[PDB]
Amino acid sequence: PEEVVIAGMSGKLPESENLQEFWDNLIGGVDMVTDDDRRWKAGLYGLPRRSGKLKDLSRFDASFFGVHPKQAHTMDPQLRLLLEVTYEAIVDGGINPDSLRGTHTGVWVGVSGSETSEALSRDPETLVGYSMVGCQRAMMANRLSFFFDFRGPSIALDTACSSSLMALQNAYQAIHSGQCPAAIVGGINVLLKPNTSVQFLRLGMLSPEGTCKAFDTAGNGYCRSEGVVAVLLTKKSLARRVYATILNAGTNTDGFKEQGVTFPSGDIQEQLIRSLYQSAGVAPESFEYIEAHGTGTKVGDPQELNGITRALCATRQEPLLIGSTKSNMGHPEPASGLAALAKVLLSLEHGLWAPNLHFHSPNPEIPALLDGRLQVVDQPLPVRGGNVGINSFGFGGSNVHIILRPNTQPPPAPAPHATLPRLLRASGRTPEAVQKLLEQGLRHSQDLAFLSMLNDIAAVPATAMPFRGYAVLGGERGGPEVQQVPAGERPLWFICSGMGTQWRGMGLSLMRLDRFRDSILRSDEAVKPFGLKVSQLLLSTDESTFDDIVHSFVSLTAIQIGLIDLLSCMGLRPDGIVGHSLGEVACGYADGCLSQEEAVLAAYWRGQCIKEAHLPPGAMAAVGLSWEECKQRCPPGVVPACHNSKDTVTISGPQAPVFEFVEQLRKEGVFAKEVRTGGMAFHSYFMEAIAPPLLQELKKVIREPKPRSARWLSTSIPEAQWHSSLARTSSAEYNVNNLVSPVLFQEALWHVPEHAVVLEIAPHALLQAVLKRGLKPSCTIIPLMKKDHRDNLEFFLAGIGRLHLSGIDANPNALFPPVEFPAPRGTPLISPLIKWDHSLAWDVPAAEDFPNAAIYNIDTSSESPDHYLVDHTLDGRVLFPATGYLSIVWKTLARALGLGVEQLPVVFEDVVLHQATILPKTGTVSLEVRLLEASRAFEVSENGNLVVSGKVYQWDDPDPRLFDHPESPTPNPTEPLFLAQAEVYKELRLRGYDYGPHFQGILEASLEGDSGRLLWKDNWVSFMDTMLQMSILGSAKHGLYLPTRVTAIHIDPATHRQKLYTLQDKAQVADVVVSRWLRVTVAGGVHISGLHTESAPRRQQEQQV
Amino acid sequence: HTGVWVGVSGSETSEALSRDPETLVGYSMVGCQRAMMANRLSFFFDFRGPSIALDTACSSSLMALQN
């Protein structure tokens, strides 16, 4: 059929936002599996701690994709990230997505989870309908088809851990058989619902250590990871970049396996590999790297690697390089295949195979690794050159395999046009995006393919990407320009300046452009018989070269026609043409009325006819007097020449009368100026004799008249007779009228529509001021060329860029020679270079949103987080702290209100401890906490028996004054001595309390026991227990007393953080004051009042006899 | 090489069976997972061909027929 290549590629993976960061983390070895607590508190349900989790899922540009704010809040995060990733994937290949709209492109998305639908579909009294319009699996591909206007198949297939490569294979089959000219294939996965991880742990697949130890001796399982990746596959014609060409790809299922459905098979995979590389016509020796599935299971790795050993290692001598991308980013279930594909493509691009982590000792069961036939990439290795294969063997039984032939297209040899500057137009959502694109383009200003691809994707409408920018790469005076396009289409008006503009050595610089050279050379051939060539005049060095009138005319018209050709090459059809003096002759070429040869002939004949006629020198002056004023003020023999502007006017006539009027005006002092016209009083009564011979010649010069489009706003014929029949067509009569009747530049300007993007097609922008002060002040003037400039090509490209900013889509690529494709290997990626409007945060399901009153299991084992409770032993039996219950109830209330504990200042009241819970040495005790928010009451229960009862409620108005230390009833001025930690706990030991190190937190205490210093670790239970201990210390009673009632407890975490002060060591401390008179214990942000303790009879175990 | 294409637009059994982490069993994934509708059939009948579970709603079955 037709060759299939991987055009685009992009996505987000664990701990990597763009594939550039992905490569940075791969090559540098940065492990991507993280222990953070983003998705859910690590260990909840005993799930393995580590897992690869994306950085953020709450970001999405709703406006760009046309999703209302309400719909965004009810959209699967996979879907939003996939829309962004697919857009980046298409543009990463240098293809504008609008170019694909309406084509038969297909979308095959791999997915195996719809948890967000379960989150949005739990409460039927409040669930909204459109939750299904953006969460159902079918909509994952259908949303892409809808936004991008893909008419091809929109299929979402699960395939059970092989979805990504299954979709890739289906897309490849589609493209091969000519069904689809392209295809967007993606793979998505997000860890949101812990129940899935619990299931996978029960099946015995997840690895307890959380590291997927691929090929190692001690592989236990695979660690779940997220990731969204998309790849654009297009036929060889549409491809602008080719990471690799998909030689072949197929699928097969393992069938009936005796060991069970989830026991992987080796013979089937070997058969698949052999069939693929036989049908593809590729000898096994060509292979240089095979991307093993490498899950890490003790069974999967041996089977898969032995299959590869039997399939590919049979005959080749040199070893086969085996890697596994799942040893870096973990294993995304559906997105596993595309993650490996991304790694392979990036490694191919950068010349080195990314190292494979967590491999130190090979699996004894896999003889290939022990021998030399099959080798692993443990440290970076260069790419010697060979085919690659990617395999994804899902746990259901579906197997896929893909063979890739890496692109090898070294950069082209240096070319003359490389030194020439280019143009870089960019567009983006926010100014940072355009600035990023411009800076990146400047970083690689010599990479022609990169510049061409960037230019191609920048032609997007203003509404989609309101910010634009153009940077001229290669020019010395080149700096980025960023601005906001005013939404709304704008007219593009051409103004061809008059015959007065011509300077020395004009257009030599711009000759370097092929189109300009072709235009000027065609003009040269046209002028041949008359005996002079335009190019020779331009390259001539005598100043008098442009002194000759006829040479001036011919050169000006030729250069203007060349500029028109350059602009036309990009695709700009003007919506209005205004011409001045000899500009009208070019205006003919602009409107299609006049052909190039006819224009050049007109210019030459005008020059010659003026030359032949002998008329006395006549100066042409400009008078700063209103038009009607110039109608009378001018002396006899002085006439209006051109109505340049409302203020500016041009006067022509004999040299003597013109000098007299200049003297008179200088007497008045009004502005007066006169351009150099060689004494040829143009547009005046002097030319009256010129026309007869001029008309006679021009009759033969221009053979057939033709219509004048409605665009062309003539200046020789006013509005009154503007309907005239002769004015209906260009002809010798037309040019004679143009020369005879005075110029009406002003009248033409009045009809320029508001917001017009004027272009000054002239070698020198002589009429810039006239247009600026004559047109409506919203007009934009962009002169293409200037005089005495060091390099006019930079100025012209800047003009085209400013045309880009105003809104007109002009592509500088056409100006320069076309670029050879596919792109050279090593062209920088484009996916990282696109930035979005992420100023808003959208919703995302929480862990509690799925099934799970609050039940807290107190496990005292060594690894459990509640180990510190073992140090709270009283009478030799470990008792739950009286402050442990309070922490549980506090956490329950915080969860109820949706806030955290640190952000919730709580107030207890009427706490009553009913029975003491003994924590078993081996086992667990389940404490259930129920709240009655209506009555502001709580009750902790144990096996249906009450343990703690009281009231809990949020502190609406915290007052830090409550925590000020009450003045002690005893001054204690001497303070000669104090009780240290060892002494205080010796005393408490003697009284019966046997606290261990964790509950040892009274750094010092006064002799009276009324003050001290409590150490602060993150544990609240220890802090409040230490407060209770400080209360007990000053008691004169003997024997151990345990809390039974507390009247009121206030906690204020903000004041708590304020009061803590770091000691001279690294440890923090909070001062504590006990006032028995007022029955208040205050320490940091905690304030206990009304503590009641009752003597608990000793256990009388008398273990000592 | 007979393949199995099943179009399915619901995994409601998984939601019910995976609600209590303190009692959920591993076999729920092997049985109630959406991708196991095709894989179970291929496993039983020894169908070595492709096994896919399409998810285009309201047209999944006829799309599987076209595939």
# chains A, B, ... in the order shown; residues from 1 in each chain; ligands from 1
call {"tool": "closest_atom_pairs", "arguments": {"of": "chain B", "to": "chain A", "cutoff": "7 Å", "atoms": "only C-alpha atoms", "output": "JSON lines"}}
result
{"residue": "B:18", "atom": "CA", "partner": "A:195", "partner_atom": "CA", "distance": 6.0}
{"residue": "B:19", "atom": "CA", "partner": "A:851", "partner_atom": "CA", "distance": 5.1}
{"residue": "B:20", "atom": "CA", "partner": "A:852", "partner_atom": "CA", "distance": 5.8}
{"residue": "B:21", "atom": "CA", "partner": "A:195", "partner_atom": "CA", "distance": 6.0}
{"residue": "B:24", "atom": "CA", "partner": "A:199", "partner_atom": "CA", "distance": 7.0}
{"residue": "B:25", "atom": "CA", "partner": "A:202", "partner_atom": "CA", "distance": 6.4}
{"residue": "B:26", "atom": "CA", "partner": "A:203", "partner_atom": "CA", "distance": 4.6}
{"residue": "B:27", "atom": "CA", "partner": "A:203", "partner_atom": "CA", "distance": 6.9}
{"residue": "B:29", "atom": "CA", "partner": "A:199", "partner_atom": "CA", "distance": 6.9}
{"residue": "B:35", "atom": "CA", "partner": "A:160", "partner_atom": "CA", "distance": 5.1}
{"residue": "B:36", "atom": "CA", "partner": "A:396", "partner_atom": "CA", "distance": 6.4}
{"residue": "B:39", "atom": "CA", "partner": "A:396", "partner_atom": "CA", "distance": 5.5}
{"residue": "B:42", "atom": "CA", "partner": "A:255", "partner_atom": "CA", "distance": 5.6}
{"residue": "B:43", "atom": "CA", "partner": "A:256", "partner_atom": "CA", "distance": 4.6}
{"residue": "B:44", "atom": "CA", "partner": "A:256", "partner_atom": "CA", "distance": 6.1}
{"residue": "B:46", "atom": "CA", "partner": "A:255", "partner_atom": "CA", "distance": 4.2}
{"residue": "B:47", "atom": "CA", "partner": "A:255", "partner_atom": "CA", "distance": 5.3}
{"residue": "B:48", "atom": "CA", "partner": "A:253", "partner_atom": "CA", "distance": 4.5}
{"residue": "B:49", "atom": "CA", "partner": "A:252", "partner_atom": "CA", "distance": 4.8}
{"residue": "B:50", "atom": "CA", "partner": "A:252", "partner_atom": "CA", "distance": 5.0}
{"residue": "B:51", "atom": "CA", "partner": "A:398", "partner_atom": "CA", "distance": 6.1}
{"residue": "B:52", "atom": "CA", "partner": "A:159", "partner_atom": "CA", "distance": 5.3}
{"residue": "B:53", "atom": "CA", "partner": "A:157", "partner_atom": "CA", "distance": 5.4}
{"residue": "B:54", "atom": "CA", "partner": "A:157", "partner_atom": "CA", "distance": 4.6}
{"residue": "B:55", "atom": "CA", "partner": "A:156", "partner_atom": "CA", "distance": 5.1}
{"residue": "B:56", "atom": "CA", "partner": "A:138", "partner_atom": "CA", "distance": 4.6}
{"residue": "B:57", "atom": "CA", "partner": "A:138", "partner_atom": "CA", "distance": 5.8}
call {"tool": "select_by_dssp", "arguments": {"residues": "chain B", "states": "helix (DSSP H, G or I)", "output": "ChimeraX atom specification"}}
result
/B:12-17,27-32,36-45,60-66
call {"tool": "residues_around", "arguments": {"residues": "segment 1015-1026 of chain A", "least_positions_apart": "2", "cutoff": "8 Å", "atoms": "only C-alpha atoms", "output": "mmCIF file with N, CA, C and O atoms, in the first residue's frame"}}
result
data_model
loop_
_atom_site.group_PDB
_atom_site.id
_atom_site.type_symbol
_atom_site.label_atom_id
_atom_site.label_comp_id
_atom_site.auth_asym_id
_atom_site.auth_seq_id
_atom_site.Cartn_x
_atom_site.Cartn_y
_atom_site.Cartn_z
ATOM 1 N N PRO A 881 -4.039 6.625 74.621
ATOM 2 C CA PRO A 881 -4.009 7.929 75.286
ATOM 3 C C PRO A 881 -5.394 8.551 75.349
ATOM 4 O O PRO A 881 -6.202 8.407 74.431
ATOM 5 N N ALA A 882 -5.664 9.250 76.449
ATOM 6 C CA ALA A 882 -6.914 9.987 76.557
ATOM 7 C C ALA A 882 -6.998 11.101 75.527
ATOM 8 O O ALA A 882 -8.097 11.586 75.244
ATOM 9 N N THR A 883 -5.865 11.521 74.973
ATOM 10 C CA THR A 883 -5.836 12.507 73.904
ATOM 11 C C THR A 883 -5.842 11.875 72.523
ATOM 12 O O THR A 883 -5.986 12.595 71.531
ATOM 13 N N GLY A 884 -5.680 10.555 72.431
ATOM 14 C CA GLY A 884 -5.787 9.899 71.141
ATOM 15 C C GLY A 884 -7.200 9.926 70.597
ATOM 16 O O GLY A 884 -7.409 10.118 69.397
ATOM 17 N N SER A 887 -7.943 13.281 69.001
ATOM 18 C CA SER A 887 -7.375 13.436 67.667
ATOM 19 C C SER A 887 -8.233 12.739 66.620
ATOM 20 O O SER A 887 -8.437 13.265 65.521
ATOM 21 N N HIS A 998 8.749 8.128 73.225
ATOM 22 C CA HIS A 998 7.888 8.935 72.366
ATOM 23 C C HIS A 998 7.022 9.882 73.182
ATOM 24 O O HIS A 998 6.805 11.031 72.784
ATOM 25 N N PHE A 999 6.515 9.420 74.322
ATOM 26 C CA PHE A 999 5.706 10.245 75.203
ATOM 27 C C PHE A 999 6.533 10.935 76.279
ATOM 28 O O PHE A 999 5.974 11.373 77.289
ATOM 29 N N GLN A 1000 7.842 11.042 76.086
ATOM 30 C CA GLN A 1000 8.719 11.772 76.997
ATOM 31 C C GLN A 1000 9.000 13.132 76.368
ATOM 32 O O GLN A 1000 9.873 13.258 75.506
ATOM 33 N N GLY A 1001 8.264 14.153 76.801
ATOM 34 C CA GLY A 1001 8.341 15.446 76.152
ATOM 35 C C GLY A 1001 8.293 16.654 77.066
ATOM 36 O O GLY A 1001 7.882 17.733 76.630
ATOM 37 N N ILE A 1002 8.703 16.505 78.319
ATOM 38 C CA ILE A 1002 8.825 17.626 79.242
ATOM 39 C C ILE A 1002 10.315 17.884 79.426
ATOM 40 O O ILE A 1002 10.966 17.263 80.270
ATOM 41 N N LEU A 1003 10.863 18.807 78.635
ATOM 42 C CA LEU A 1003 12.290 19.090 78.717
ATOM 43 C C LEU A 1003 12.671 19.588 80.102
ATOM 44 O O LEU A 1003 13.748 19.261 80.613
ATOM 45 N N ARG A 1013 8.474 23.237 79.947
ATOM 46 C CA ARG A 1013 8.734 23.406 78.522
ATOM 47 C C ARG A 1013 8.479 22.080 77.827
ATOM 48 O O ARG A 1013 9.150 21.089 78.121
ATOM 49 N N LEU A 1028 -1.140 16.882 79.939
ATOM 50 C CA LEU A 1028 -1.797 16.186 81.041
ATOM 51 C C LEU A 1028 -0.779 15.710 82.070
ATOM 52 O O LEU A 1028 -1.036 15.745 83.280
ATOM 53 N N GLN A 1029 0.387 15.260 81.608
ATOM 54 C CA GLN A 1029 1.440 14.849 82.528
ATOM 55 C C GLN A 1029 1.916 16.017 83.375
ATOM 56 O O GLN A 1029 2.130 15.872 84.584
ATOM 57 N N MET A 1030 2.101 17.184 82.759
ATOM 58 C CA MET A 1030 2.499 18.360 83.522
ATOM 59 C C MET A 1030 1.454 18.693 84.571
ATOM 60 O O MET A 1030 1.790 19.097 85.689
ATOM 61 N N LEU A 1060 5.273 28.379 69.080
ATOM 62 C CA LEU A 1060 6.471 27.554 69.037
ATOM 63 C C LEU A 1060 7.693 28.411 68.742
ATOM 64 O O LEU A 1060 7.667 29.272 67.860
ATOM 65 N N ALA A 1067 15.679 21.349 67.910
ATOM 66 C CA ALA A 1067 14.359 20.982 68.399
ATOM 67 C C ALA A 1067 13.542 22.216 68.755
ATOM 68 O O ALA A 1067 14.072 23.213 69.249
ATOM 69 N N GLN A 1068 12.240 22.140 68.501
ATOM 70 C CA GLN A 1068 11.306 23.196 68.861
ATOM 71 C C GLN A 1068 10.705 22.922 70.233
ATOM 72 O O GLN A 1068 10.747 21.803 70.745
ATOM 73 N N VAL A 1069 10.132 23.966 70.829
ATOM 74 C CA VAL A 1069 9.589 23.879 72.179
ATOM 75 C C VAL A 1069 8.414 24.837 72.306
ATOM 76 O O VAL A 1069 8.319 25.831 71.581
ATOM 77 N N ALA A 1070 7.514 24.529 73.237
ATOM 78 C CA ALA A 1070 6.403 25.403 73.584
ATOM 79 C C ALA A 1070 6.264 25.449 75.097
ATOM 80 O O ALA A 1070 6.156 24.403 75.742
ATOM 81 N N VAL A 1086 -2.939 25.111 72.575
ATOM 82 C CA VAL A 1086 -3.850 24.212 73.266
ATOM 83 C C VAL A 1086 -4.179 24.802 74.627
ATOM 84 O O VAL A 1086 -3.332 25.422 75.276
#
call {"tool": "residues_around", "arguments": {"residues": "residue 1050 of chain A", "least_positions_apart": "6", "cutoff": "8 Å", "atoms": "only C-alpha atoms", "output": "list in words"}}
result
residues 905, 906, 907, 908, 1085, 1086, 1087 and 1088 of chain A
call {"tool": "write_last_selection", "arguments": {"atoms": "N, CA and C atoms", "output": "PDB file, in the first residue's frame"}}
result
ATOM      1  N   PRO A 905      -9.607  25.059  63.657  1.00  0.00           N
ATOM      2  CA  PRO A 905      -9.573  25.271  65.110  1.00  0.00           C
ATOM      3  C   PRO A 905     -10.836  24.738  65.768  1.00  0.00           C
ATOM      4  N   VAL A 906     -10.688  23.669  66.544  1.00  0.00           N
ATOM      5  CA  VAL A 906     -11.820  22.929  67.080  1.00  0.00           C
ATOM      6  C   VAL A 906     -11.981  23.241  68.561  1.00  0.00           C
ATOM      7  N   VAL A 907     -13.188  22.993  69.066  1.00  0.00           N
ATOM      8  CA  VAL A 907     -13.519  23.171  70.474  1.00  0.00           C
ATOM      9  C   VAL A 907     -14.257  21.928  70.945  1.00  0.00           C
ATOM     10  N   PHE A 908     -13.742  21.288  71.987  1.00  0.00           N
ATOM     11  CA  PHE A 908     -14.421  20.182  72.639  1.00  0.00           C
ATOM     12  C   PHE A 908     -15.136  20.684  73.885  1.00  0.00           C
ATOM     13  N   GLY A1085      -0.868  26.372  71.329  1.00  0.00           N
ATOM     14  CA  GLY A1085      -2.207  26.656  70.856  1.00  0.00           C
ATOM     15  C   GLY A1085      -3.263  25.755  71.458  1.00  0.00           C
ATOM     16  N   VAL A1086      -2.939  25.111  72.575  1.00  0.00           N
ATOM     17  CA  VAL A1086      -3.850  24.212  73.266  1.00  0.00           C
ATOM     18  C   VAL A1086      -4.179  24.802  74.627  1.00  0.00           C
ATOM     19  N   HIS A1087      -5.423  24.603  75.058  1.00  0.00           N
ATOM     20  CA  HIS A1087      -5.906  25.197  76.302  1.00  0.00           C
ATOM     21  C   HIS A1087      -6.942  24.249  76.898  1.00  0.00           C
ATOM     22  N   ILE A1088      -6.554  23.543  77.958  1.00  0.00           N
ATOM     23  CA  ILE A1088      -7.405  22.565  78.625  1.00  0.00           C
ATOM     24  C   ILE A1088      -7.941  23.176  79.907  1.00  0.00           C
TER      25      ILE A1088
END
call {"tool": "atom_distance", "arguments": {"atom1": "atom CA of residue 1101 of chain A", "atom2": "atom CA of residue 992 of chain A"}}
result
13.0 Å
call {"tool": "residues_around", "arguments": {"residues": "residue 526 of chain A", "least_positions_apart": "5", "cutoff": "8 Å", "atoms": "only C-alpha atoms", "output": "PyMOL selection string"}}
result
chain A and resi 597+600-601
call {"tool": "write_last_selection", "arguments": {"atoms": "C-alpha atoms", "output": "mmCIF file, in the first residue's frame"}}
result
data_model
loop_
_atom_site.group_PDB
_atom_site.id
_atom_site.type_symbol
_atom_site.label_atom_id
_atom_site.label_comp_id
_atom_site.auth_asym_id
_atom_site.auth_seq_id
_atom_site.Cartn_x
_atom_site.Cartn_y
_atom_site.Cartn_z
ATOM 1 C CA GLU A 597 5.530 43.369 -20.445
ATOM 2 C CA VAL A 600 7.413 47.810 -18.546
ATOM 3 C CA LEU A 601 6.662 49.081 -22.045
#
call {"tool": "select_by_dssp", "arguments": {"residues": "chain B", "states": "strand (DSSP E)", "output": "ChimeraX atom specification"}}
result
/B:4-7,51-54
call {"tool": "write_last_selection", "arguments": {"atoms": "C-alpha atoms", "output": "mmCIF file, in the first residue's frame"}}
result
data_model
loop_
_atom_site.group_PDB
_atom_site.id
_atom_site.type_symbol
_atom_site.label_atom_id
_atom_site.label_comp_id
_atom_site.auth_asym_id
_atom_site.auth_seq_id
_atom_site.Cartn_x
_atom_site.Cartn_y
_atom_site.Cartn_z
ATOM 1 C CA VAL B 4 -13.244 -11.729 18.972
ATOM 2 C CA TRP B 5 -14.673 -8.203 18.724
ATOM 3 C CA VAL B 6 -17.164 -7.323 21.463
ATOM 4 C CA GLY B 7 -18.670 -3.866 21.703
ATOM 5 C CA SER B 51 -9.205 -9.650 20.892
ATOM 6 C CA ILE B 52 -10.622 -6.138 21.245
ATOM 7 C CA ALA B 53 -13.436 -4.541 23.244
ATOM 8 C CA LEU B 54 -14.787 -1.560 21.314
#
call {"tool": "atom_distance", "arguments": {"atom1": "atom CA of residue 348 of chain A", "atom2": "atom CA of residue 836 of chain A"}}
result
28.3 Å
call {"tool": "residues_around", "arguments": {"residues": "residue 352 of chain A", "least_positions_apart": "2", "cutoff": "9 Å", "atoms": "only C-alpha atoms", "output": "ChimeraX atom specification"}}
result
/A:27,346-350,354-355,380-383
call {"tool": "write_last_selection", "arguments": {"atoms": "N, CA, C and O atoms", "output": "compact mmCIF listing (two decimals), in the first residue's frame"}}
result
# COMPACT_ATOMS: atom_id res chain seq x y z
N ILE A 27 17.59 10.37 30.62
CA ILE A 27 19.03 10.33 30.39
C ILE A 27 19.79 10.56 31.69
O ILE A 27 20.82 9.92 31.94
N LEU A 346 12.54 9.18 21.15
CA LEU A 346 13.43 10.19 21.70
C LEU A 346 14.88 9.70 21.71
O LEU A 346 15.80 10.45 21.37
N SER A 347 15.09 8.44 22.11
CA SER A 347 16.44 7.89 22.11
C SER A 347 17.02 7.88 20.71
O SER A 347 18.21 8.17 20.52
N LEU A 348 16.21 7.54 19.71
CA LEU A 348 16.68 7.59 18.34
C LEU A 348 17.07 9.00 17.95
O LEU A 348 18.11 9.22 17.31
N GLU A 349 16.25 9.98 18.32
CA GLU A 349 16.52 11.36 17.93
C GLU A 349 17.82 11.86 18.55
O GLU A 349 18.62 12.52 17.88
N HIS A 350 18.05 11.56 19.82
CA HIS A 350 19.19 12.13 20.53
C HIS A 350 20.45 11.28 20.43
O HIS A 350 21.48 11.68 20.98
N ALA A 354 18.40 5.35 26.15
CA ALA A 354 18.24 5.73 27.54
C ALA A 354 18.53 4.54 28.45
O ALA A 354 18.12 3.41 28.15
N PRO A 355 19.24 4.75 29.55
CA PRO A 355 19.57 3.62 30.43
C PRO A 355 18.34 3.04 31.09
O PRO A 355 17.32 3.71 31.28
N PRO A 380 24.13 4.61 29.37
CA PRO A 380 23.84 5.12 28.03
C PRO A 380 24.80 4.56 26.99
O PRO A 380 26.00 4.41 27.23
N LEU A 381 24.25 4.25 25.81
CA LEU A 381 25.01 3.70 24.71
C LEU A 381 24.62 4.41 23.42
O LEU A 381 23.45 4.79 23.26
N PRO A 382 25.56 4.61 22.51
CA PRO A 382 25.23 5.29 21.25
C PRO A 382 24.46 4.39 20.31
O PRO A 382 24.46 3.16 20.44
N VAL A 383 23.79 5.01 19.35
CA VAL A 383 22.95 4.31 18.39
C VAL A 383 23.83 3.96 17.19
O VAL A 383 24.16 4.82 16.37
call {"tool": "atom_distance", "arguments": {"atom1": "atom CA of residue 604 of chain A", "atom2": "atom CA of residue 527 of chain A"}}
result
7.7 Å
call {"tool": "closest_residue", "arguments": {"among": "A:657, A:872, A:554, A:744", "to": "residue 643 of chain A", "atoms": "only C-alpha atoms"}}
result
A:744
call {"tool": "closest_residue", "arguments": {"among": "B:8, B:37, B:17, B:32", "to": "residue 60 of chain B", "atoms": "only C-alpha atoms"}}
result
B:8
